[PDB]
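Below is data_24.pdb, which holds PDB, C-alpha atoms and all ligand atoms.
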```
ATOM      1  CA  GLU A 436      23.895  13.752   3.245
ATOM      2  CA  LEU A 437      25.122  10.208   2.609
ATOM      3  CA  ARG A 438      27.562  10.596   5.496
ATOM      4  CA  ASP A 439      24.556  11.209   7.725
ATOM      5  CA  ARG A 440      24.212   7.406   7.612
ATOM      6  CA  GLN A 441      27.028   7.286  10.130
ATOM      7  CA  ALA A 442      25.083   9.333  12.651
ATOM      8  CA  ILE A 443      22.361   6.681  12.553
ATOM      9  CA  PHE A 444      24.904   3.855  12.924
ATOM     10  CA  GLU A 445      26.511   5.551  15.925
ATOM     11  CA  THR A 446      23.090   6.017  17.523
ATOM     12  CA  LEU A 447      22.156   2.339  16.994
ATOM     13  CA  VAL A 448      25.317   1.037  18.654
ATOM     14  CA  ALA A 449      25.301   3.465  21.589
ATOM     15  CA  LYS A 450      21.579   3.022  22.296
ATOM     16  CA  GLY A 451      21.827  -0.743  21.809
ATOM     17  CA  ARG A 452      24.625  -1.182  24.332
ATOM     18  CA  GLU A 453      22.748   1.052  26.764
ATOM     19  CA  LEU A 454      19.500  -0.929  26.349
ATOM     20  CA  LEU A 455      21.096  -4.330  26.878
ATOM     21  CA  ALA A 456      23.892  -3.284  29.239
ATOM     22  CA  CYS A 457      26.060  -5.677  27.242
ATOM     23  CA  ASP A 458      29.742  -5.346  26.381
ATOM     24  CA  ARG A 459      29.755  -4.572  22.668
ATOM     25  CA  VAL A 460      27.282  -3.609  19.969
ATOM     26  CA  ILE A 461      28.285  -3.252  16.318
ATOM     27  CA  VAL A 462      26.791  -2.470  12.942
ATOM     28  CA  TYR A 463      28.192  -5.030  10.511
ATOM     29  CA  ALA A 464      27.589  -3.748   6.971
ATOM     30  CA  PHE A 465      27.745  -5.913   3.825
ATOM     31  CA  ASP A 466      29.425  -5.152   0.522
ATOM     32  CA  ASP A 467      28.445  -6.746  -2.807
ATOM     33  CA  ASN A 468      30.434  -9.884  -1.914
ATOM     34  CA  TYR A 469      28.660  -9.995   1.464
ATOM     35  CA  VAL A 470      31.924  -9.235   3.183
ATOM     36  CA  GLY A 471      31.116  -7.350   6.376
ATOM     37  CA  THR A 472      32.807  -4.235   7.795
ATOM     38  CA  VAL A 473      32.326  -3.085  11.400
ATOM     39  CA  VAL A 474      31.221   0.429  10.499
ATOM     40  CA  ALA A 475      30.218   1.401  14.043
ATOM     41  CA  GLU A 476      30.871   0.096  17.524
ATOM     42  CA  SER A 477      29.949   0.855  21.111
ATOM     43  CA  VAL A 478      32.172  -1.160  23.452
ATOM     44  CA  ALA A 479      32.682  -0.935  27.208
ATOM     45  CA  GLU A 480      36.186   0.059  28.324
ATOM     46  CA  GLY A 481      38.716  -2.769  28.431
ATOM     47  CA  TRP A 482      37.195  -5.154  25.896
ATOM     48  CA  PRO A 483      38.650  -5.639  22.399
ATOM     49  CA  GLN A 484      37.563  -3.116  19.795
ATOM     50  CA  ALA A 485      36.224  -4.419  16.482
ATOM     51  CA  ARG A 486      35.616  -0.990  14.924
ATOM     52  CA  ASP A 487      36.649  -0.722  11.263
ATOM     53  CA  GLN A 488      37.582  -4.389  11.006
ATOM     54  CA  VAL A 489      36.689  -6.153   7.779
ATOM     55  CA  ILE A 490      35.521  -9.651   8.698
ATOM     56  CA  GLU A 491      34.795 -11.858   5.707
ATOM     57  CA  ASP A 492      32.684 -14.887   6.583
ATOM     58  CA  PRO A 493      31.448 -16.856   3.554
ATOM     59  CA  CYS A 494      28.609 -18.348   5.593
ATOM     60  CA  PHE A 495      26.481 -15.295   4.802
ATOM     61  CA  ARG A 496      26.564 -15.416   0.991
ATOM     62  CA  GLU A 497      26.382 -19.226   1.013
ATOM     63  CA  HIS A 498      23.661 -19.792   3.566
ATOM     64  CA  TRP A 499      22.062 -16.814   5.308
ATOM     65  CA  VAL A 500      21.399 -13.691   3.211
ATOM     66  CA  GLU A 501      17.762 -14.447   2.405
ATOM     67  CA  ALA A 502      17.044 -15.763   5.893
ATOM     68  CA  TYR A 503      18.217 -12.505   7.487
ATOM     69  CA  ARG A 504      16.477 -10.427   4.788
ATOM     70  CA  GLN A 505      13.309 -12.255   5.864
ATOM     71  CA  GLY A 506      13.824 -11.345   9.522
ATOM     72  CA  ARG A 507      15.961 -14.090  11.088
ATOM     73  CA  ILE A 508      17.040 -13.354  14.654
ATOM     74  CA  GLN A 509      19.714 -15.477  16.355
ATOM     75  CA  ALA A 510      19.844 -15.262  20.136
ATOM     76  CA  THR A 511      22.633 -17.319  21.652
ATOM     77  CA  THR A 512      22.934 -17.729  25.430
ATOM     78  CA  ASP A 513      26.214 -19.651  25.186
ATOM     79  CA  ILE A 514      28.235 -19.890  21.971
ATOM     80  CA  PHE A 515      29.748 -23.185  23.169
ATOM     81  CA  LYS A 516      26.292 -24.801  23.351
ATOM     82  CA  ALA A 517      24.943 -23.530  20.048
ATOM     83  CA  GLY A 518      26.273 -26.128  17.586
ATOM     84  CA  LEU A 519      28.823 -23.579  16.417
ATOM     85  CA  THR A 520      31.905 -25.340  15.149
ATOM     86  CA  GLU A 521      35.530 -24.325  15.626
ATOM     87  CA  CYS A 522      35.637 -22.352  12.366
ATOM     88  CA  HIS A 523      32.880 -20.124  13.763
ATOM     89  CA  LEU A 524      34.197 -19.856  17.339
ATOM     90  CA  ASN A 525      37.616 -18.893  15.994
ATOM     91  CA  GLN A 526      36.135 -15.584  14.731
ATOM     92  CA  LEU A 527      34.468 -14.726  18.039
ATOM     93  CA  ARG A 528      37.359 -15.732  20.296
ATOM     94  CA  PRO A 529      39.504 -12.587  19.792
ATOM     95  CA  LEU A 530      36.572 -10.384  20.783
ATOM     96  CA  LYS A 531      35.962 -12.468  23.927
ATOM     97  CA  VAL A 532      32.388 -13.263  22.885
ATOM     98  CA  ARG A 533      30.462 -15.769  24.998
ATOM     99  CA  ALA A 534      26.850 -14.838  24.242
ATOM    100  CA  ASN A 535      25.474 -12.921  21.303
ATOM    101  CA  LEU A 536      22.384 -11.582  19.609
ATOM    102  CA  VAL A 537      22.156 -11.042  15.843
ATOM    103  CA  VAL A 538      19.338  -9.082  14.190
ATOM    104  CA  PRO A 539      18.959  -7.856  10.604
ATOM    105  CA  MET A 540      19.026  -4.410   9.066
ATOM    106  CA  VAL A 541      16.866  -4.430   5.938
ATOM    107  CA  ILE A 542      16.735  -1.311   3.775
ATOM    108  CA  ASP A 543      14.839  -1.010   0.480
ATOM    109  CA  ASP A 544      14.062  -4.750   0.672
ATOM    110  CA  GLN A 545      17.769  -5.636   0.730
ATOM    111  CA  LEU A 546      19.964  -6.969   3.510
ATOM    112  CA  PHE A 547      22.131  -3.993   4.442
ATOM    113  CA  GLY A 548      23.834  -5.594   7.395
ATOM    114  CA  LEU A 549      23.382  -6.917  10.904
ATOM    115  CA  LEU A 550      23.169  -5.250  14.303
ATOM    116  CA  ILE A 551      25.055  -7.524  16.705
ATOM    117  CA  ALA A 552      25.308  -7.534  20.502
ATOM    118  CA  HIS A 553      27.994  -9.379  22.460
ATOM    119  CA  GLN A 554      28.253 -10.407  26.059
ATOM    120  CA  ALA A 555      31.869 -11.160  26.877
ATOM    121  CA  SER A 556      33.289 -13.965  29.019
ATOM    122  CA  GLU A 557      29.987 -15.184  30.513
ATOM    123  CA  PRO A 558      26.838 -16.794  29.145
ATOM    124  CA  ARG A 559      23.687 -14.698  29.073
ATOM    125  CA  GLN A 560      20.083 -15.839  28.890
ATOM    126  CA  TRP A 561      18.731 -13.201  26.534
ATOM    127  CA  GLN A 562      15.204 -12.184  27.564
ATOM    128  CA  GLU A 563      12.171 -11.761  25.285
ATOM    129  CA  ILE A 564      12.077  -8.040  26.076
ATOM    130  CA  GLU A 565      15.774  -7.667  25.265
ATOM    131  CA  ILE A 566      15.482  -9.384  21.881
ATOM    132  CA  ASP A 567      12.372  -7.362  20.997
ATOM    133  CA  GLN A 568      13.967  -4.052  21.913
ATOM    134  CA  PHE A 569      17.177  -4.842  20.040
ATOM    135  CA  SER A 570      15.414  -5.993  16.875
ATOM    136  CA  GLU A 571      13.148  -2.927  17.089
ATOM    137  CA  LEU A 572      16.241  -0.749  17.314
ATOM    138  CA  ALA A 573      17.760  -2.245  14.151
ATOM    139  CA  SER A 574      14.421  -2.007  12.322
ATOM    140  CA  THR A 575      13.912   1.604  13.366
ATOM    141  CA  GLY A 576      17.369   2.673  12.231
ATOM    142  CA  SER A 577      16.851   0.801   8.977
ATOM    143  CA  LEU A 578      13.519   2.544   8.363
ATOM    144  CA  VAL A 579      15.075   5.953   9.058
ATOM    145  CA  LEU A 580      17.821   5.240   6.509
ATOM    146  CA  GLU A 581      15.245   3.961   4.029
ATOM    147  CA  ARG A 582      13.253   7.204   4.409
ATOM    148  CA  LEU A 583      16.259   9.493   3.973
ATOM    149  CA  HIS A 584      17.271   7.874   0.674
TER
HETATM  150  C1  LIG B   1      27.640 -18.007   9.618
HETATM  151  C2  LIG B   1      27.681 -16.829  10.636
HETATM  152  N1  LIG B   1      28.786 -16.165  10.970
HETATM  153  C3  LIG B   1      28.491 -15.196  11.843
HETATM  154  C4  LIG B   1      29.543 -14.294  12.337
HETATM  155  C5  LIG B   1      29.586 -13.393  13.387
HETATM  156  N2  LIG B   1      28.928 -13.434  14.609
HETATM  157  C6  LIG B   1      29.312 -12.374  15.362
HETATM  158  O1  LIG B   1      28.927 -12.134  16.510
HETATM  159  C7  LIG B   1      30.212 -11.601  14.588
HETATM  160  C8  LIG B   1      30.886 -10.307  14.988
HETATM  161  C9  LIG B   1      32.225 -10.678  15.601
HETATM  162  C10 LIG B   1      30.394 -12.231  13.393
HETATM  163  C11 LIG B   1      31.281 -11.782  12.256
HETATM  164  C12 LIG B   1      27.088 -15.247  12.083
HETATM  165  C13 LIG B   1      26.251 -14.367  12.986
HETATM  166  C14 LIG B   1      26.585 -16.272  11.328
HETATM  167  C15 LIG B   1      25.133 -16.708  11.224
HETATM  168  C16 LIG B   1      24.742 -17.758  12.267
HETATM  169  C17 LIG B   1      23.286 -18.131  12.107
HETATM  170  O2  LIG B   1      22.425 -17.221  11.626
HETATM  171  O3  LIG B   1      22.894 -19.246  12.409
HETATM  172  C18 LIG B   1      28.659 -19.126   9.978
HETATM  173  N3  LIG B   1      30.021 -19.018   9.829
HETATM  174  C19 LIG B   1      30.604 -20.183  10.225
HETATM  175  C20 LIG B   1      32.083 -20.439  10.160
HETATM  176  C21 LIG B   1      32.349 -20.789   8.680
HETATM  177  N4  LIG B   1      32.862 -19.559   8.060
HETATM  178  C22 LIG B   1      34.115 -19.835   7.648
HETATM  179  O4  LIG B   1      34.858 -19.034   7.103
HETATM  180  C23 LIG B   1      34.516 -21.226   7.890
HETATM  181  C24 LIG B   1      35.831 -21.878   7.551
HETATM  182  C25 LIG B   1      33.475 -21.777   8.488
HETATM  183  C26 LIG B   1      33.485 -23.236   8.912
HETATM  184  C27 LIG B   1      32.189 -23.889   8.401
HETATM  185  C28 LIG B   1      29.635 -21.058  10.624
HETATM  186  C29 LIG B   1      29.889 -22.458  11.135
HETATM  187  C30 LIG B   1      28.396 -20.414  10.484
HETATM  188  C31 LIG B   1      27.042 -21.001  10.807
HETATM  189  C32 LIG B   1      26.778 -22.248   9.949
HETATM  190  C33 LIG B   1      27.150 -22.047   8.498
HETATM  191  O5  LIG B   1      26.461 -21.161   7.781
HETATM  192  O6  LIG B   1      28.040 -22.691   7.963
END
```
In C-alpha cells, what does this structure look like?
Amino acid sequence: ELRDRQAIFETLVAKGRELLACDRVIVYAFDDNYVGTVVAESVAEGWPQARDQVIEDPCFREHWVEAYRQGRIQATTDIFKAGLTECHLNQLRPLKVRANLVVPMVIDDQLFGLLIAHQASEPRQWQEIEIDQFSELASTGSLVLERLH
C-alpha cells in the first residue's frame, strides 16, 4: 500500500527522462527538516548515479519551501550563467550537471519534494513544451499519490 508510492516515483523518473531525452531525472523527497533524499532515479548509462543519496541543502528550509509549494519552476539553460554561487555549483559538480529543470511535487497542500531533470556536460535551452510536460508529469504523479492516500 504505502510502498506503492515507489511505483509512482519510478514511473515519474523513467517517463521524465524519456520525455526530455535528458541524462538524469530524480525524485528528491523532503523529510521534516527539509533534507532531501533521492528516492528514485532514471539515469543514462555512464553518468553518475544519485540514487539513495541524502543531500541536505539548507537553502530549501531557509528560502524556498513556500515558493515551490506555490508552484515555482526553475529552468536553467546553463548553471554557470544562472547567478548560482560556488556553494551551489559544488553540489551539482559531482553529478556532471550543466543544465537543469526543477519542478515541485505538492501533495495534500504540502511540499513533498521536487522532480528534477539534469542535462550533463552541455548547456540546454529548455523549451516551453519541455517545461510544461515535465511539470505536468510531477503534478500528475502528485495527484495520483494524493488520491491513493
Ligand atoms: C537552493 C537550491 N538548491 C538546489 C539543489 C539542487 N539542484 C539540483 O539539481 C539538485 C540535485 C543534484 C539539488 C540538490 C536547488 C534546486 C535550489 C533552489 C534554486 C532556486 O529555486 O532558485 C540553493 N542552495 C544554494 C547553496 C547554499 N546551500 C548551502 O549549503 C550553502 C553553503 C550554500 C551557499 C549559499 C544556493 C546558492 C541556492 C540558491 C540561493 C539560496 O537559496 O541561497
Enumerate as a PDB file with C-alpha atoms, in the coordinates of the input the residues within 10 Å of ligand LIG 1 (chain B), counting only C-alpha atoms and all ligand atoms.
```pdb
ATOM      1  CA  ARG A 459      29.755  -4.572  22.668  1.00  0.00           C
ATOM      2  CA  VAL A 460      27.282  -3.609  19.969  1.00  0.00           C
ATOM      3  CA  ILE A 461      28.285  -3.252  16.318  1.00  0.00           C
ATOM      4  CA  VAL A 462      26.791  -2.470  12.942  1.00  0.00           C
ATOM      5  CA  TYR A 463      28.192  -5.030  10.511  1.00  0.00           C
ATOM      6  CA  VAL A 470      31.924  -9.235   3.183  1.00  0.00           C
ATOM      7  CA  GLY A 471      31.116  -7.350   6.376  1.00  0.00           C
ATOM      8  CA  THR A 472      32.807  -4.235   7.795  1.00  0.00           C
ATOM      9  CA  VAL A 473      32.326  -3.085  11.400  1.00  0.00           C
ATOM     10  CA  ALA A 485      36.224  -4.419  16.482  1.00  0.00           C
ATOM     11  CA  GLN A 488      37.582  -4.389  11.006  1.00  0.00           C
ATOM     12  CA  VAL A 489      36.689  -6.153   7.779  1.00  0.00           C
ATOM     13  CA  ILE A 490      35.521  -9.651   8.698  1.00  0.00           C
ATOM     14  CA  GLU A 491      34.795 -11.858   5.707  1.00  0.00           C
ATOM     15  CA  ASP A 492      32.684 -14.887   6.583  1.00  0.00           C
ATOM     16  CA  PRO A 493      31.448 -16.856   3.554  1.00  0.00           C
ATOM     17  CA  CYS A 494      28.609 -18.348   5.593  1.00  0.00           C
ATOM     18  CA  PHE A 495      26.481 -15.295   4.802  1.00  0.00           C
ATOM     19  CA  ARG A 496      26.564 -15.416   0.991  1.00  0.00           C
ATOM     20  CA  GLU A 497      26.382 -19.226   1.013  1.00  0.00           C
ATOM     21  CA  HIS A 498      23.661 -19.792   3.566  1.00  0.00           C
ATOM     22  CA  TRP A 499      22.062 -16.814   5.308  1.00  0.00           C
ATOM     23  CA  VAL A 500      21.399 -13.691   3.211  1.00  0.00           C
ATOM     24  CA  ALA A 502      17.044 -15.763   5.893  1.00  0.00           C
ATOM     25  CA  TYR A 503      18.217 -12.505   7.487  1.00  0.00           C
ATOM     26  CA  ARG A 507      15.961 -14.090  11.088  1.00  0.00           C
ATOM     27  CA  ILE A 508      17.040 -13.354  14.654  1.00  0.00           C
ATOM     28  CA  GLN A 509      19.714 -15.477  16.355  1.00  0.00           C
ATOM     29  CA  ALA A 510      19.844 -15.262  20.136  1.00  0.00           C
ATOM     30  CA  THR A 511      22.633 -17.319  21.652  1.00  0.00           C
ATOM     31  CA  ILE A 514      28.235 -19.890  21.971  1.00  0.00           C
ATOM     32  CA  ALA A 517      24.943 -23.530  20.048  1.00  0.00           C
ATOM     33  CA  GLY A 518      26.273 -26.128  17.586  1.00  0.00           C
ATOM     34  CA  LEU A 519      28.823 -23.579  16.417  1.00  0.00           C
ATOM     35  CA  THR A 520      31.905 -25.340  15.149  1.00  0.00           C
ATOM     36  CA  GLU A 521      35.530 -24.325  15.626  1.00  0.00           C
ATOM     37  CA  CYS A 522      35.637 -22.352  12.366  1.00  0.00           C
ATOM     38  CA  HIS A 523      32.880 -20.124  13.763  1.00  0.00           C
ATOM     39  CA  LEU A 524      34.197 -19.856  17.339  1.00  0.00           C
ATOM     40  CA  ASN A 525      37.616 -18.893  15.994  1.00  0.00           C
ATOM     41  CA  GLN A 526      36.135 -15.584  14.731  1.00  0.00           C
ATOM     42  CA  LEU A 527      34.468 -14.726  18.039  1.00  0.00           C
ATOM     43  CA  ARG A 528      37.359 -15.732  20.296  1.00  0.00           C
ATOM     44  CA  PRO A 529      39.504 -12.587  19.792  1.00  0.00           C
ATOM     45  CA  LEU A 530      36.572 -10.384  20.783  1.00  0.00           C
ATOM     46  CA  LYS A 531      35.962 -12.468  23.927  1.00  0.00           C
ATOM     47  CA  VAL A 532      32.388 -13.263  22.885  1.00  0.00           C
ATOM     48  CA  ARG A 533      30.462 -15.769  24.998  1.00  0.00           C
ATOM     49  CA  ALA A 534      26.850 -14.838  24.242  1.00  0.00           C
ATOM     50  CA  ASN A 535      25.474 -12.921  21.303  1.00  0.00           C
ATOM     51  CA  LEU A 536      22.384 -11.582  19.609  1.00  0.00           C
ATOM     52  CA  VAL A 537      22.156 -11.042  15.843  1.00  0.00           C
ATOM     53  CA  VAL A 538      19.338  -9.082  14.190  1.00  0.00           C
ATOM     54  CA  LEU A 549      23.382  -6.917  10.904  1.00  0.00           C
ATOM     55  CA  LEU A 550      23.169  -5.250  14.303  1.00  0.00           C
ATOM     56  CA  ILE A 551      25.055  -7.524  16.705  1.00  0.00           C
ATOM     57  CA  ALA A 552      25.308  -7.534  20.502  1.00  0.00           C
ATOM     58  CA  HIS A 553      27.994  -9.379  22.460  1.00  0.00           C
ATOM     59  CA  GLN A 554      28.253 -10.407  26.059  1.00  0.00           C
TER      60      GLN A 554
END
```
Near residue A:449, within 9 Å and counting only C-alpha atoms, which residues show up once chain neighbours fewer than 6 positions away are dropped, as a count of residues only? 4
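With atom CA of residue A:540 on one side and atom CA of residue A:466 on the other, the separation reads 13.5 Å.
In this comparison, which uses all atoms listed in the file, the residue of A:436, A:444, A:457, A:451 approaching residue A:475 most closely is A:444.
The space between atom CA of residue A:557 and atom CA of residue A:506 spans 26.8 Å.
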inquiry  = So that I can see what lies close to residue A:438, please list as number ranges by chain the residues with an atom at most 12 Å from it, counting all atoms listed in the file and leaving out residues fewer than 6 positions away in the same chain.
reply    = A: 444-445, 474, 580, 583-584
Shortest contact to residue A:582, candidates A:542, A:448, A:437, A:442, atoms counted only C-alpha atoms, goes to A:542
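Of note, atom CA of residue A:565 and atom CA of residue A:455 are spaced 6.5 Å apart.
Every protein or nucleic acid residue with an atom no more than 12 Å from residue A:581, counting only C-alpha atoms and leaving out same-chain residues fewer than 5 positions away, appears here: residues 437, 440, 443, 540, 541, 542, 543, 544, 545, 546, 547, 574, 575 and 576 of chain A.
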